[PDB]
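Just the one chain here, laid out as structure tokens, in the form deposited in one PDB entry.
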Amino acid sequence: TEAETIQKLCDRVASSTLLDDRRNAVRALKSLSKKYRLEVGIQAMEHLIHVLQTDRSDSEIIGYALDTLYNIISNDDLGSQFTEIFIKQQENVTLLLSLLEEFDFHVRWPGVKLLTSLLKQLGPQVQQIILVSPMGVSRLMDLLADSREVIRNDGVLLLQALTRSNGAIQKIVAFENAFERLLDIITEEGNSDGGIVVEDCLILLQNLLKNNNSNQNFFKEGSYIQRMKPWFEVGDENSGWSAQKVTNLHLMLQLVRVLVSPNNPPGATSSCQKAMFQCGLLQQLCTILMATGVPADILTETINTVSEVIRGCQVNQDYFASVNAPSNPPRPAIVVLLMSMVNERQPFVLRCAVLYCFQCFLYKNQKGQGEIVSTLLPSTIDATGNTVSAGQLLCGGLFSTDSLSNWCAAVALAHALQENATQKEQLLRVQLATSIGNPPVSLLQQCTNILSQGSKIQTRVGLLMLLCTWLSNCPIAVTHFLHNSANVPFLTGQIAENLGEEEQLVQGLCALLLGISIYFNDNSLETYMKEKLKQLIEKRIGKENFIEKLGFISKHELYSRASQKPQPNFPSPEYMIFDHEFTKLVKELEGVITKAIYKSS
């Protein structure tokens, strides 16, 4: 029986009076830790611990005790329960911290590996023991300063486990110089060309910053954002990028994004956007955005990063508009964006990213909005220099046969109009170039006409989000809409029908559009005053029925997700239904429209 033989090694370790004997026993008990743990765990563990408490004068036996404990605890779920047994006595963890003050390799290295495993398996509990132990975090931070690369590198992994989801420890590590030290490890290792140690440092940096407002502030106020610029100085290569270089650069971009996340306190993102402009980071990122031979996944992530760097920041938005591609007719980055978005051939995730970048370029940027719309107006301002305009590309996508391009172009245009009173009115002057035989038709009416043409649902959702955005807060748009006599009957007909579930969303959007045409109706068009439209709802469809159908939009499965996330990074083309900003409009208007409809007078 092994339970007995290991009991004899246990009693030797415990009772044996000479160091040499105890040591050979621990060494053998080690043999039985790998390939045989369970008894060793339940019968050797407290003796191995006793060797750590006594016997500290012999590095060799301590080494073996820790290697054996590592083997009891680590999984390369037995590992979980042995961890719980180990830490029952919290002094067992503080004893490990004491041992980590020793520099002898055979003590230090296994100590680091064991405490890392404990930390990975029972994070919150082990972290708490370390946090309240005097000098506990300090002794671990100092592992980064060990002369031996193997220890320093395993120290980074330990500190990932220590900092994970622990605000208090993250703040201590920041005060103890972690940002400078980790950035310097990355520089020395060669930035994104630096292999797995760089990846590990970047992961630790993410633990230090993600969901940590105080550390993001420390990062910014410590003038560390400028240290991120060299990371994106990639140019000598641009064909044979290793998988590890891609992994590193992806993490580096994610770090940039943490600092300008739309979910931060607004002042934090804004102040970081400014700092990124001042040290040349934004400019450097736009350089990779316009380079050649950048792997698809980096290109997409870089576009999504630049998006958040510019989002709502006038100086940065204006910088982005000044960026040109290196072509014989210089071509704005914005045009290069829109080309890709409506390119039926490009990868879906790239088309989504380019849409995000365009939305963020326009966000709170009335100047940019007016620049886009003005390319659609009969105004011979020298558009040449770049012959294809942003407006021409959006019209092409709007009326192309590809529903994805229809949706993206309609949403891109809605973002050009949103909260812009002037551009909503300007866009009403746009008349489509019609092909031979066809009568003239306004852009507004043509968008509307497409809704009754057997177009795909996706096409019609996009056009309806556009039309709702256009008419919202714009009585003159409402009048131009209502003045074409086909529009109200069409809307009431669509809403009144008893169609399948997928078609219900279109019905709901039709109800929103009809509601907008009541709520924002200035009663200047005798044919369709508010009371006439309301009586029409009652007769053709019924007031309660109207509201049920209006309610379909916000009750849709994908609506909740679109409302929470600004990024349009849908899983696949069939999920491309709702725009985030559009969800804000529905939230703003559904309630007040509902009240307007139920009102009697």
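The first residue of the sequence shown is number 1, and the count goes up from there.
Visitor: With respect to the deposited sequence, how many residues separating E149 from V150 are not represented by coordinates: none, 1 to 3, 4 to 9, or 10 or more?
Guide: Missing residues, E149 to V150: none.
Visitor: Taking only the CA atoms, which stretch has the higher mean B-factor in the record, 235 to 243 or 507 to 515?
Guide: Per the PDB entry, the higher value belongs to 235 to 243.
Visitor: Look over 154 to 162 and 382 to 390 in the entry and identify the one with the greater average Cα temperature factor.
Guide: Comparing averages over the C-alpha atoms only gives 382 to 390.
Visitor: Based on what the PDB entry reports, which of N215, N521, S261, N343 has the top C-alpha B-factor?
Guide: Comparing C-alpha B-factors across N215, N521, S261, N343, the maximum falls on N343.
Visitor: When the deposited Cα B-factors of this chain's modelled residues are ordered and cut into thirds, is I553 in the lowest, the middle or the highest one?
Guide: Answer is lowest: the recorded C-alpha B-factor places it there.
Visitor: Ordered by C-alpha B-factor within the chain, which third holds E84? Give me lowest, middle or highest, please.
Guide: It falls in the middle third of the chain.
Visitor: Taking only the Cα B-factors deposited for this chain, tell me whether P124 sits in the lowest, middle or highest third.
Guide: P124: CA B-factor falls in the middle third of its chain.
Visitor: Ordered by C-alpha B-factor within the chain, which third holds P134? Give me lowest, middle or highest, please.
Guide: Middle third of the chain for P134's C-alpha B-factor.
Visitor: Sorting by Cα B-factor within the chain, modelled residues only, which third would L338 end up in: lowest, middle or highest?
Guide: Middle third of the chain for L338's C-alpha B-factor.
Unshown form deposited in another entry; subsequent notes refer to it.
Visitor: So the C-alpha spacing of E301 and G235 changes by 3 Å or more in the other form; is that change toward closer or farther than shown?
Guide: Nearer in the other form, by 3 Å or more.
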